[PDB]
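A.B. asks: I have a structure I would like to understand better, so I am pasting it below and will then ask my questions one at a time.
Chains as they are written, first to last, in PDB author numbering: chain C, 1157 to 1202; chain B, 158 to 209.
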């Protein structure tokens, strides 16, 4: 009832869904860093 | 056969090819295996996959 005993095909689907989420998160960290004011000013100085 | 172009030529061509691919959902027809212009397209898409 609580846990879902899940077949493999759908285990693969939840797995590569989670891969999509982790990759999209790190890309969103990257453009938050490169659109932060601090980083813009640091590259403009150098 | 394997070759090498100018570096700015590779960068400009790769960036433009990946933008032309993602703005319209184009299908790119390469020769598949990792040699030459297909290697350059693969390096261009490796530059693509880290950004957009």
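All C-beta atoms, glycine included, are put in the ideal place defined by N, C-alpha and C.
Could you tell me the alpha carbon to alpha carbon distance between residue 174/B and residue 1162/C, rounded to whole angstroms?
C.D. replies: Roughly 41 Å between the two C-alpha positions.
A.B. asks: Could you check what DSSP says for residue 183/B in three-state terms: helix, strand or coil?
C.D. replies: Coil, per DSSP.
A.B. asks: Residue 162/B by DSSP, collapsed to three states: which one?
C.D. replies: Three-state DSSP puts residue 162/B in coil, outside helix and strand.
A.B. asks: On the DSSP letters alone, give me the boundaries of the alpha helix (DSSP H) that residue 1193/C sits inside.
C.D. replies: 1193 to 1201 is the extent of the alpha helix (DSSP H) around residue 1193/C.
A.B. asks: I need the DSSP call for residue 1159/C, collapsed to helix, strand or coil.
C.D. replies: Coil.
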